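Shown here: data16.txt, compact mmCIF, N, CA and C atoms and all ligand atoms.
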# COMPACT_ATOMS: atom_id res chain seq x y z
N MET A 1 15.07 6.31 0.09
CA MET A 1 13.70 5.78 -0.01
C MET A 1 13.77 4.26 0.06
N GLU A 2 12.93 3.56 0.83
CA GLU A 2 12.89 2.10 0.98
C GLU A 2 11.98 1.49 -0.07
N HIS A 3 12.37 0.53 -0.91
CA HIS A 3 11.27 0.32 -1.89
C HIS A 3 10.54 -0.96 -1.55
N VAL A 4 9.35 -0.65 -1.10
CA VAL A 4 8.36 -1.62 -0.69
C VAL A 4 7.03 -1.06 -1.17
N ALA A 5 6.21 -1.84 -1.83
CA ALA A 5 4.94 -1.35 -2.35
C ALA A 5 3.82 -1.58 -1.36
N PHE A 6 2.95 -0.60 -1.29
CA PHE A 6 1.72 -0.72 -0.45
C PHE A 6 0.94 -1.93 -0.89
N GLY A 7 0.52 -2.75 0.08
CA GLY A 7 -0.30 -3.91 -0.27
C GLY A 7 0.48 -5.13 -0.63
N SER A 8 1.80 -5.10 -0.60
CA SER A 8 2.65 -6.25 -0.94
C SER A 8 2.32 -7.46 -0.08
N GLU A 9 2.27 -8.65 -0.68
CA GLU A 9 1.84 -9.84 0.05
C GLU A 9 2.77 -10.19 1.19
N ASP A 10 4.05 -9.90 1.09
CA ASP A 10 4.89 -10.34 2.24
C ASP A 10 5.43 -9.10 2.98
N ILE A 11 4.60 -8.08 3.10
CA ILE A 11 5.08 -6.82 3.67
C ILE A 11 5.53 -6.97 5.11
N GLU A 12 4.88 -7.87 5.86
CA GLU A 12 5.30 -8.00 7.28
C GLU A 12 6.69 -8.59 7.42
N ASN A 13 7.15 -9.44 6.47
CA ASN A 13 8.52 -9.94 6.53
C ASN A 13 9.50 -8.83 6.20
N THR A 14 9.18 -8.01 5.18
CA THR A 14 10.07 -6.94 4.77
C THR A 14 10.24 -5.93 5.89
N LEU A 15 9.13 -5.56 6.58
CA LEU A 15 9.20 -4.51 7.58
C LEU A 15 9.74 -5.00 8.91
N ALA A 16 9.83 -6.34 9.07
CA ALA A 16 10.46 -6.81 10.29
C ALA A 16 11.92 -6.36 10.42
N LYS A 17 12.68 -5.96 9.38
CA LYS A 17 14.09 -5.59 9.48
C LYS A 17 14.26 -4.12 9.72
N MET A 18 13.23 -3.28 9.66
CA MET A 18 13.42 -1.85 9.82
C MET A 18 13.27 -1.30 11.23
N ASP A 19 14.19 -0.43 11.58
CA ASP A 19 14.10 0.41 12.77
C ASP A 19 13.36 1.70 12.39
N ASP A 20 13.22 2.60 13.39
CA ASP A 20 12.29 3.69 13.17
C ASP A 20 12.81 4.55 12.02
N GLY A 21 14.11 4.71 11.85
CA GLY A 21 14.71 5.46 10.74
C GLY A 21 14.42 4.95 9.34
N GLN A 22 14.51 3.62 9.19
CA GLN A 22 14.15 2.94 7.96
C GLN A 22 12.67 3.07 7.68
N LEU A 23 11.84 2.98 8.71
CA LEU A 23 10.39 3.11 8.42
C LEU A 23 10.11 4.48 7.84
N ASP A 24 10.89 5.51 8.19
CA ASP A 24 10.67 6.83 7.69
C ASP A 24 11.00 6.95 6.20
N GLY A 25 11.63 5.96 5.60
CA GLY A 25 11.90 6.02 4.18
C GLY A 25 10.83 5.37 3.32
N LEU A 26 9.69 4.90 3.88
CA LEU A 26 8.66 4.28 3.09
C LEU A 26 7.85 5.33 2.33
N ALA A 27 7.24 4.90 1.21
CA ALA A 27 6.42 5.76 0.36
C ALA A 27 5.01 5.98 0.93
N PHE A 28 4.62 5.33 2.00
CA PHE A 28 3.30 5.31 2.55
C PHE A 28 3.39 5.41 4.08
N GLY A 29 2.31 5.80 4.72
CA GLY A 29 2.21 5.86 6.15
C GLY A 29 2.23 4.49 6.79
N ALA A 30 2.90 4.38 7.91
CA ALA A 30 2.96 3.12 8.67
C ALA A 30 2.91 3.42 10.14
N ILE A 31 2.02 2.71 10.82
CA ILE A 31 1.82 2.75 12.26
C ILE A 31 1.93 1.34 12.75
N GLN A 32 2.65 1.11 13.87
CA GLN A 32 2.64 -0.20 14.51
C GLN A 32 1.90 -0.03 15.83
N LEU A 33 0.92 -0.89 16.07
CA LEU A 33 0.09 -0.87 17.29
C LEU A 33 0.32 -2.17 18.08
N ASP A 34 0.20 -2.05 19.40
CA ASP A 34 0.09 -3.28 20.22
C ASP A 34 -1.37 -3.74 20.17
N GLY A 35 -1.70 -4.85 20.86
CA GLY A 35 -3.03 -5.41 20.78
C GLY A 35 -4.04 -4.59 21.55
N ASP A 36 -3.62 -3.61 22.34
CA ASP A 36 -4.57 -2.66 22.93
C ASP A 36 -4.74 -1.42 22.10
N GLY A 37 -4.03 -1.28 21.00
CA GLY A 37 -4.13 -0.06 20.19
C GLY A 37 -3.19 1.05 20.57
N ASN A 38 -2.22 0.77 21.44
CA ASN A 38 -1.20 1.79 21.72
C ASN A 38 -0.16 1.87 20.62
N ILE A 39 0.27 3.09 20.31
CA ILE A 39 1.15 3.32 19.18
C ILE A 39 2.62 3.05 19.60
N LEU A 40 3.25 2.12 18.89
CA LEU A 40 4.66 1.74 19.08
C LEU A 40 5.60 2.41 18.11
N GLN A 41 5.16 2.60 16.87
CA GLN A 41 5.95 3.21 15.79
C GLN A 41 4.97 4.04 14.95
N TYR A 42 5.47 5.13 14.35
CA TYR A 42 4.64 6.07 13.59
C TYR A 42 5.62 6.77 12.65
N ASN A 43 5.50 6.57 11.35
CA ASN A 43 6.55 7.06 10.46
C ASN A 43 6.29 8.48 9.94
N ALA A 44 7.31 8.99 9.22
CA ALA A 44 7.27 10.34 8.71
C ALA A 44 6.19 10.52 7.68
N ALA A 45 5.98 9.55 6.77
CA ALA A 45 4.95 9.73 5.76
C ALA A 45 3.58 9.81 6.42
N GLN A 46 3.33 9.06 7.51
CA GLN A 46 2.04 9.17 8.18
C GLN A 46 1.88 10.57 8.73
N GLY A 47 2.93 11.12 9.36
CA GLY A 47 2.80 12.48 9.87
C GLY A 47 2.55 13.52 8.77
N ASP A 48 3.07 13.29 7.58
CA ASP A 48 2.81 14.18 6.45
C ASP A 48 1.33 14.14 6.08
N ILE A 49 0.71 12.97 6.14
CA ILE A 49 -0.72 12.86 5.81
C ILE A 49 -1.57 13.49 6.90
N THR A 50 -1.25 13.28 8.17
CA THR A 50 -2.24 13.61 9.27
C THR A 50 -1.89 14.83 9.99
N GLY A 51 -0.68 15.36 9.88
CA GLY A 51 -0.24 16.50 10.66
C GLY A 51 0.29 16.17 12.04
N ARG A 52 0.20 14.95 12.52
CA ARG A 52 0.70 14.62 13.85
C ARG A 52 2.24 14.55 13.80
N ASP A 53 2.84 14.90 14.93
CA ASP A 53 4.30 14.81 15.07
C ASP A 53 4.62 13.38 15.55
N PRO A 54 5.32 12.58 14.79
CA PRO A 54 5.48 11.16 15.17
C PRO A 54 5.94 10.91 16.62
N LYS A 55 6.91 11.70 17.10
CA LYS A 55 7.52 11.39 18.40
C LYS A 55 6.50 11.66 19.49
N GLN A 56 5.56 12.59 19.18
CA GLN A 56 4.59 12.99 20.19
C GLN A 56 3.45 12.00 20.37
N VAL A 57 3.14 11.15 19.40
CA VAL A 57 2.00 10.23 19.46
C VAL A 57 2.44 8.85 19.88
N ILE A 58 3.73 8.52 19.83
CA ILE A 58 4.14 7.19 20.32
C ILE A 58 3.79 7.07 21.80
N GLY A 59 3.19 5.94 22.14
CA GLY A 59 2.73 5.73 23.52
C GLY A 59 1.29 6.09 23.77
N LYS A 60 0.66 6.84 22.88
CA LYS A 60 -0.74 7.18 23.03
C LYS A 60 -1.61 6.03 22.49
N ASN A 61 -2.87 5.99 22.89
CA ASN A 61 -3.78 5.00 22.33
C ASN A 61 -4.42 5.58 21.08
N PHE A 62 -4.29 4.83 19.98
CA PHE A 62 -4.77 5.32 18.69
C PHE A 62 -6.30 5.51 18.70
N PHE A 63 -7.05 4.57 19.25
CA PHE A 63 -8.52 4.61 19.19
C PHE A 63 -9.15 5.55 20.18
N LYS A 64 -8.53 5.68 21.37
CA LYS A 64 -9.10 6.50 22.42
C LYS A 64 -8.68 7.94 22.27
N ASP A 65 -7.39 8.17 21.99
CA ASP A 65 -6.76 9.48 22.16
C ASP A 65 -6.51 10.19 20.83
N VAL A 66 -5.90 9.52 19.89
CA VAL A 66 -5.37 10.13 18.69
C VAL A 66 -6.41 10.23 17.55
N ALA A 67 -7.17 9.15 17.36
CA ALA A 67 -7.99 8.99 16.15
C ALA A 67 -9.42 8.57 16.52
N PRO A 68 -10.17 9.39 17.24
CA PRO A 68 -11.51 8.95 17.67
C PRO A 68 -12.44 8.66 16.51
N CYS A 69 -12.20 9.24 15.33
CA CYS A 69 -13.03 8.95 14.16
C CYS A 69 -12.92 7.51 13.72
N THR A 70 -11.88 6.79 14.15
CA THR A 70 -11.72 5.38 13.84
C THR A 70 -12.36 4.48 14.88
N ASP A 71 -12.88 5.04 15.97
CA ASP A 71 -13.55 4.25 16.98
C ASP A 71 -14.99 3.99 16.52
N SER A 72 -15.13 2.94 15.73
CA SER A 72 -16.31 2.60 14.96
C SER A 72 -16.24 1.14 14.64
N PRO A 73 -17.34 0.48 14.39
CA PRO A 73 -17.24 -0.93 13.91
C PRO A 73 -16.46 -1.08 12.59
N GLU A 74 -16.44 -0.03 11.78
CA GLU A 74 -15.78 -0.10 10.46
C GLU A 74 -14.25 -0.07 10.50
N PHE A 75 -13.68 0.34 11.64
CA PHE A 75 -12.20 0.46 11.73
C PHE A 75 -11.78 -0.28 13.00
N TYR A 76 -12.01 0.35 14.16
CA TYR A 76 -11.68 -0.31 15.45
C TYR A 76 -12.31 -1.70 15.56
N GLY A 77 -13.55 -1.84 15.12
CA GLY A 77 -14.19 -3.15 15.26
C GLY A 77 -13.43 -4.24 14.49
N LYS A 78 -12.91 -3.93 13.32
CA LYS A 78 -12.11 -4.83 12.52
C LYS A 78 -10.80 -5.15 13.25
N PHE A 79 -10.17 -4.13 13.81
CA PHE A 79 -8.95 -4.35 14.56
C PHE A 79 -9.16 -5.27 15.72
N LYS A 80 -10.18 -5.00 16.51
CA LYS A 80 -10.32 -5.82 17.73
C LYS A 80 -10.68 -7.25 17.39
N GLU A 81 -11.42 -7.51 16.30
CA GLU A 81 -11.72 -8.89 15.93
C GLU A 81 -10.41 -9.56 15.51
N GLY A 82 -9.55 -8.86 14.78
CA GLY A 82 -8.25 -9.42 14.43
C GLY A 82 -7.35 -9.72 15.57
N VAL A 83 -7.28 -8.83 16.52
CA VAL A 83 -6.48 -9.14 17.70
C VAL A 83 -7.04 -10.35 18.42
N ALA A 84 -8.35 -10.47 18.52
CA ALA A 84 -8.99 -11.57 19.29
C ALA A 84 -8.69 -12.89 18.63
N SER A 85 -8.76 -12.89 17.30
CA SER A 85 -8.57 -14.07 16.48
C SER A 85 -7.11 -14.42 16.19
N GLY A 86 -6.21 -13.45 16.35
CA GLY A 86 -4.83 -13.67 16.08
C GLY A 86 -4.51 -13.63 14.60
N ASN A 87 -5.38 -13.09 13.75
CA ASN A 87 -5.08 -12.98 12.33
C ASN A 87 -5.83 -11.74 11.84
N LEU A 88 -5.21 -11.00 10.96
CA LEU A 88 -5.80 -9.77 10.44
C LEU A 88 -5.17 -9.44 9.11
N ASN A 89 -6.00 -9.22 8.09
CA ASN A 89 -5.47 -8.75 6.79
C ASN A 89 -6.62 -8.14 6.04
N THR A 90 -6.78 -6.83 6.09
CA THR A 90 -7.92 -6.21 5.47
C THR A 90 -7.54 -4.83 4.94
N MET A 91 -8.16 -4.47 3.83
CA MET A 91 -7.90 -3.19 3.18
C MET A 91 -9.22 -2.51 2.87
N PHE A 92 -9.33 -1.23 3.13
CA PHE A 92 -10.55 -0.49 2.92
C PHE A 92 -10.23 1.00 2.85
N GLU A 93 -11.15 1.76 2.30
CA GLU A 93 -11.06 3.20 2.26
C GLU A 93 -11.72 3.80 3.48
N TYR A 94 -11.23 4.96 3.93
CA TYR A 94 -11.75 5.60 5.12
C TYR A 94 -11.48 7.12 5.00
N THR A 95 -12.20 7.92 5.81
CA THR A 95 -11.93 9.37 5.85
C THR A 95 -11.47 9.75 7.24
N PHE A 96 -10.34 10.38 7.30
CA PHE A 96 -9.83 10.91 8.57
C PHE A 96 -10.23 12.39 8.72
N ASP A 97 -10.89 12.76 9.83
CA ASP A 97 -11.49 14.09 9.89
C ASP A 97 -11.42 14.71 11.27
N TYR A 98 -10.57 14.22 12.16
CA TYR A 98 -10.48 14.79 13.51
C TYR A 98 -9.38 15.86 13.59
N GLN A 99 -9.78 17.09 13.87
CA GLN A 99 -8.87 18.23 14.02
C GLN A 99 -8.02 18.42 12.78
N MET A 100 -8.57 18.12 11.61
CA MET A 100 -7.84 18.18 10.35
C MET A 100 -8.83 18.32 9.19
N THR A 101 -8.32 18.75 8.04
CA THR A 101 -9.13 18.73 6.84
C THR A 101 -9.55 17.31 6.51
N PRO A 102 -10.78 17.00 6.21
CA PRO A 102 -11.17 15.61 5.90
C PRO A 102 -10.33 15.08 4.75
N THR A 103 -9.72 13.91 4.98
CA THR A 103 -8.77 13.36 4.04
C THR A 103 -9.12 11.89 3.80
N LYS A 104 -9.37 11.54 2.53
CA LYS A 104 -9.71 10.16 2.18
C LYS A 104 -8.42 9.37 1.93
N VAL A 105 -8.38 8.19 2.53
CA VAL A 105 -7.21 7.33 2.47
C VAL A 105 -7.62 5.89 2.18
N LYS A 106 -6.65 5.11 1.76
CA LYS A 106 -6.72 3.65 1.70
C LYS A 106 -5.95 3.15 2.93
N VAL A 107 -6.56 2.23 3.67
CA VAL A 107 -5.97 1.65 4.88
C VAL A 107 -5.77 0.16 4.65
N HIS A 108 -4.61 -0.35 5.04
CA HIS A 108 -4.33 -1.77 5.07
C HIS A 108 -3.90 -2.14 6.46
N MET A 109 -4.65 -3.00 7.15
CA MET A 109 -4.27 -3.48 8.45
C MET A 109 -3.82 -4.93 8.34
N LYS A 110 -2.67 -5.24 8.96
CA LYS A 110 -2.14 -6.57 8.85
C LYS A 110 -1.40 -6.92 10.13
N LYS A 111 -1.55 -8.16 10.59
CA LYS A 111 -0.80 -8.62 11.74
C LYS A 111 0.70 -8.63 11.41
N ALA A 112 1.50 -8.21 12.40
CA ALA A 112 2.94 -8.22 12.23
C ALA A 112 3.43 -9.67 12.38
N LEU A 113 4.69 -9.89 11.97
CA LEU A 113 5.19 -11.27 12.01
C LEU A 113 5.45 -11.70 13.43
N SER A 114 5.95 -10.77 14.26
CA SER A 114 6.32 -11.26 15.57
C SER A 114 5.35 -10.69 16.59
N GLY A 115 5.22 -11.49 17.64
CA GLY A 115 4.28 -11.33 18.69
C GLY A 115 2.89 -10.79 18.52
N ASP A 116 2.67 -9.75 19.33
CA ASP A 116 1.36 -9.17 19.51
C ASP A 116 1.38 -7.71 19.06
N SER A 117 1.73 -7.58 17.77
CA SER A 117 1.78 -6.30 17.10
C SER A 117 1.11 -6.37 15.74
N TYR A 118 0.59 -5.16 15.38
CA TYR A 118 -0.30 -5.03 14.23
C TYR A 118 0.09 -3.77 13.44
N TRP A 119 0.14 -3.87 12.16
CA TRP A 119 0.46 -2.71 11.29
C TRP A 119 -0.85 -2.06 10.78
N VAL A 120 -0.78 -0.75 10.68
CA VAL A 120 -1.78 0.05 9.92
C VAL A 120 -0.98 0.80 8.88
N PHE A 121 -1.26 0.57 7.62
CA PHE A 121 -0.59 1.26 6.49
C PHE A 121 -1.64 2.14 5.81
N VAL A 122 -1.21 3.35 5.40
CA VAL A 122 -2.12 4.34 4.88
C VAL A 122 -1.50 5.02 3.66
N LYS A 123 -2.32 5.25 2.62
CA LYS A 123 -1.91 6.10 1.52
C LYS A 123 -3.10 6.94 1.06
N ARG A 124 -2.83 8.06 0.44
CA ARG A 124 -3.90 8.89 -0.09
C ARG A 124 -4.56 8.26 -1.30
N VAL A 125 -5.83 8.59 -1.49
CA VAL A 125 -6.59 8.19 -2.64
C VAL A 125 -7.30 9.39 -3.25
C1 LIG B 201 -9.96 10.24 13.00
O1 LIG B 201 -10.15 10.74 14.17
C2 LIG B 201 -8.65 9.93 12.40
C3 LIG B 201 -7.55 10.48 12.97
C4 LIG B 201 -6.19 10.13 12.68
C5 LIG B 201 -5.87 9.06 11.82
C6 LIG B 201 -4.61 8.58 11.63
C7 LIG B 201 -3.52 9.23 12.30
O2 LIG B 201 -2.31 8.79 12.14
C8 LIG B 201 -3.82 10.27 13.16
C9 LIG B 201 -5.15 10.72 13.33
The structure in this file should be written as structure tokens.
Ligand SMILES: *C(=O)/C=C/c1ccc(O)cc1
Amino acid sequence: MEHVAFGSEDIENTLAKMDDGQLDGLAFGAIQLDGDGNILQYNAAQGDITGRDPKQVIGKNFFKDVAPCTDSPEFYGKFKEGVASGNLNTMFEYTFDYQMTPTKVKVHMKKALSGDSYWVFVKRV
């Protein structure tokens, strides 16, 4: 188990050292997106929450293909403003309900340290 707490102030520095195997040891769901919303990384805890198979969703677009319930001003709209501005750090509750039992989660979106990548972190509430 990797010990990093959800919501930690310097989480992007800590997660910069992990490969996909290490990300699978986190206590919470983690998705890495490019600035178009394509999925680059998707960990085991996220798949436990959503039912998706991690290897199968890498390369898909999160907003168009995987998670249409997030294509809303309340989720996608926040992401796209962050990508446009080059800064993003926001936490909110949301319900995931596409092809699954409706599940309430806490979401933390934060710009990654390097380049044009963005984290989505998720835990149950
Ligand atoms: C709504 O369509 C949410 C879907 C969803 C959220 C997060 C995931 O990792 C996968 C699907």
Leaving out region 116-120 of chain A and any residue of its chain fewer than 3 positions from it, which residues lie within 8 Å of it when counting only N, CA and C atoms, given as a JSON list (two decimals) with N, CA and C atoms, in the frame of the given file?
[["chain", "number", "residue", "atom", "x", "y", "z"],
["A", 28, "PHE", "N", 4.62, 5.33, 2.00],
["A", 28, "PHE", "CA", 3.30, 5.31, 2.55],
["A", 28, "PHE", "C", 3.39, 5.41, 4.08],
["A", 29, "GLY", "N", 2.31, 5.80, 4.72],
["A", 29, "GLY", "CA", 2.21, 5.86, 6.15],
["A", 29, "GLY", "C", 2.23, 4.49, 6.79],
["A", 30, "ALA", "N", 2.90, 4.38, 7.91],
["A", 30, "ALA", "CA", 2.96, 3.12, 8.67],
["A", 30, "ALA", "C", 2.91, 3.42, 10.14],
["A", 31, "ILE", "N", 2.02, 2.71, 10.82],
["A", 31, "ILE", "CA", 1.82, 2.75, 12.26],
["A", 31, "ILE", "C", 1.93, 1.34, 12.75],
["A", 32, "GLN", "N", 2.65, 1.11, 13.87],
["A", 32, "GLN", "CA", 2.64, -0.20, 14.51],
["A", 32, "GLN", "C", 1.90, -0.03, 15.83],
["A", 33, "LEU", "N", 0.92, -0.89, 16.07],
["A", 33, "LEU", "CA", 0.09, -0.87, 17.29],
["A", 33, "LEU", "C", 0.32, -2.17, 18.08],
["A", 34, "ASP", "N", 0.20, -2.05, 19.40],
["A", 34, "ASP", "CA", 0.09, -3.28, 20.22],
["A", 34, "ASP", "C", -1.37, -3.74, 20.17],
["A", 35, "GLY", "N", -1.70, -4.85, 20.86],
["A", 35, "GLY", "CA", -3.03, -5.41, 20.78],
["A", 35, "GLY", "C", -4.04, -4.59, 21.55],
["A", 36, "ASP", "N", -3.62, -3.61, 22.34],
["A", 36, "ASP", "CA", -4.57, -2.66, 22.93],
["A", 36, "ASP", "C", -4.74, -1.42, 22.10],
["A", 107, "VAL", "N", -6.56, 2.23, 3.67],
["A", 107, "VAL", "CA", -5.97, 1.65, 4.88],
["A", 107, "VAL", "C", -5.77, 0.16, 4.65],
["A", 108, "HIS", "N", -4.61, -0.35, 5.04],
["A", 108, "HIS", "CA", -4.33, -1.77, 5.07],
["A", 108, "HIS", "C", -3.90, -2.14, 6.46],
["A", 109, "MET", "N", -4.65, -3.00, 7.15],
["A", 109, "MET", "CA", -4.27, -3.48, 8.45],
["A", 109, "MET", "C", -3.82, -4.93, 8.34],
["A", 110, "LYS", "N", -2.67, -5.24, 8.96],
["A", 110, "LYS", "CA", -2.14, -6.57, 8.85],
["A", 110, "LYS", "C", -1.40, -6.92, 10.13],
["A", 111, "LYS", "N", -1.55, -8.16, 10.59],
["A", 111, "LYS", "CA", -0.80, -8.62, 11.74],
["A", 111, "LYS", "C", 0.70, -8.63, 11.41],
["A", 112, "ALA", "N", 1.50, -8.21, 12.40],
["A", 112, "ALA", "CA", 2.94, -8.22, 12.23],
["A", 112, "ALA", "C", 3.43, -9.67, 12.38],
["A", 113, "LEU", "N", 4.69, -9.89, 11.97],
["A", 113, "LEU", "CA", 5.19, -11.27, 12.01],
["A", 113, "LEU", "C", 5.45, -11.70, 13.43],
["A", 123, "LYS", "N", -2.32, 5.25, 2.62],
["A", 123, "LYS", "CA", -1.91, 6.10, 1.52],
["A", 123, "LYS", "C", -3.10, 6.94, 1.06]]
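Candidate residues A:67, A:105, A:125, A:45 were compared for distance to ligand LIG 201 (chain B), and the nearest is A:67, using only C-alpha atoms and all ligand atoms.
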Gap from atom N of residue 114 (chain A) to atom C of residue 49 (chain A) - Å, one decimal
26.4 Å
Taking all atoms listed in the file into account, report as a list in words which residues have an atom no farther than 5 Å from an atom of ligand LIG 201 (chain B).
residues 66, 67, 68, 69, 70, 96, 97 and 98 of chain A
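The smallest atom-to-atom distance between residue 77 (chain A) and any of A:51, A:7, A:37, A:25, using only C-alpha atoms, is found for A:37.
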